[PDB]
Amino acid sequence: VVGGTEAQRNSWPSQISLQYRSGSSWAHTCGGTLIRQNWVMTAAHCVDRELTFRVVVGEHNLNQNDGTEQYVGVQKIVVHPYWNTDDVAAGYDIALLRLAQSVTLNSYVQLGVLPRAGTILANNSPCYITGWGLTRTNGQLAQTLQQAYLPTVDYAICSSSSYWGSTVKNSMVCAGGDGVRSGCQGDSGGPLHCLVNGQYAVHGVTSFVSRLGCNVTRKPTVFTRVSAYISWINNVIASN
Amino acid sequence: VXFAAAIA
Ligand SMILES: [Ca+2]
C-alpha cells in the first residue's frame, strides 16, 4: 500500500497474510480475506503454482510476535475455472482456499462481509485498501499492516481511454487513481473494504496495476468485483 | 504476476 498508514489492530480482522513455505520458513506473497472459519478468498494469480501455502489470521507484523496470530494451512485451492494466467485483463482473478483447520474468531479474527450479488457502488464511494505490500513503487514490503483511503472509480470513468480503456471489464472494481495512494506488489489478493450504510464489506480482490508503477495517476488499482462471483463462491463452499 | 500485483 502506497500512501497509507499503519492500521490499528482491530480495524480489519478479516485481512490475512498468504505465505508459501520457503525452506526453513515462510514468505508473505499475497493478501486474502477470511470469509468462513475455514475459507479464505484471494486472487487466482497468487495460487496459480503448486506450492505449499498457509494463511496467517490476526496478523499485524510479519516478523514479530503480535500474540494474536493463527497459522493455518491451506488444504485445497479452488481457482475460478475461466481464470487465464496469461490474460489478467480478461478477469476471473479469484480463488478460494479451504483451510486445513478452522480458525477461532475473536476481536482480531472475524469473517469479512461480502456484498449482495450484483451490487455496484456509486462513483467515488469511500473505501480502504489494506495489506503488507510495497509502500512505494519498487520499494519494500510493509512490516506492519497498512491501510489507504481509495475511493472507487466507476466503470464509465475507469474504462474511458484516459484510464484503463478496454483493459477494465464490468466484472471489476477500480479504485484510487490520484497518483498518491494505491495498492502495490504484495497487496494483491487482499480486500477493498467499502463503507456502505455504516458497515464495511469486501467489494474487491486486488488484482492488477500499471506496468509503469503503482501510484500512477489515472491508473487506479483494479480489483475483481466480489459481487459478481457471489453464486460461484457459495457453490464452491457448498460443494466442498 | 511478479512477484504479486498482476500487471496491466
Ligand atoms: Ca506477527
Side-chain angles (χ1 to χ4, degrees), chain A residues 1-43 45-47 49 51-77 95-113 128-136 138-150 181-193 200 202 204-206 214 221, chain B residues 2-6:
Chain A
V1 175
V2 179
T5 56
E6 191 184 348
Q8 295 178 255
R9 284 176 192 275
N10 302 100
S11 290
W12 324 104
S14 85
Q15 169 85 51
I16 62 86
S17 162
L18 186 66
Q19 328 190 331
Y20 61 94
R21 202 180 206 177
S22 171
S24 42
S25 181
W26 304 74
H28 175 94
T29 184
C30 278
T33 302
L34 187 77
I35 58 162
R36 306 277 196 277
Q37 269 174 246
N38 64 325
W39 285 96
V40 160
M41 171 164 92
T42 184
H45 76 255
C46 293
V47 293
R49 294 161 51 81
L51 311 174
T52 301
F53 293 97
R54 87 181 169 174
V55 309
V56 190
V57 306
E59 179 72 300
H60 183 73
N61 203 309
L62 287 176
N63 291 310
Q64 301 256 125
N65 179 29
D66 301 302
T68 54
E69 310 102 317
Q70 309 173 36
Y71 307 91
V72 199
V74 181
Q75 178 204 28
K76 283 192 92 143
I77 296 159
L96 307 189
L97 320 169
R98 198 170 80 188
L99 316 179
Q101 307 275 74
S102 294
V103 316
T104 299
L105 302 181
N106 53 49
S107 61
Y108 301 95
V109 183
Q110 288 287 318
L111 306 186
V113 183
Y128 289 83
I129 190 172
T130 59
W132 291 274
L134 309 192
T135 59
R136 66 163 181 94
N138 286 318
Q140 68 248 44
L141 289 176
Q143 292 301 313
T144 60
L145 183 63
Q146 304 288 298
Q147 71 181 54
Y149 176 75
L150 215 73
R181 300 147 195 83
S182 72
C184 210
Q185 276 71 15
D187 287 326
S188 63
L192 180 67
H193 314 268
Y200 281 111
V202 184
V205 175
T206 307
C214 300
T221 308
Chain B
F3 296 99

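To find a chain, count down the sequence lines: A is the first, B the second, and so on, and within it residues start at 1. Both ligands and their constituent atoms are indexed starting at 1 by order of listing. What's counted below: heavy atoms across the whole structure, side chains too, no hydrogens, waters or symmetry copies.
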* What N/O/S atom of A:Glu69 gets nearest to the Ca ion (ligand 1)? -> OE2
* Can A:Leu34 and A:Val103 be said to form a side-chain contact (heavy atoms from CB on, under 4.5 Å), step by step? -> CA-CA 10 Å; A:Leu34 187 77; A:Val103 316; 4.0 Å; yes
* Any chance the side chains of A:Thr130 and A:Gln15 put a donor and an acceptor closer than 3.5 Å? -> yes
* Asked: Using 30° and 60° as the class limits, which term best fits the ring planes of A:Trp12 and A:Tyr128: parallel, tilted or perpendicular?
  -> tilted
* Asked: So which N/O/S atom does A:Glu59 have closest to the Ca ion (ligand 1)?
  -> OE1
* **Side-chain donor-acceptor pair present, A:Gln101, A:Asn38, cut-off under 3.5 Å** => no
* Asked: N/O/S of A:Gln64 less than 3.0 Å from the Ca ion (ligand 1)?
  -> yes
* Asked: At the Ca ion (ligand 1), what angle lies between atom O of A:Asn61 and atom OD2 of A:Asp66, rounded to 10 degrees?
  -> 90°
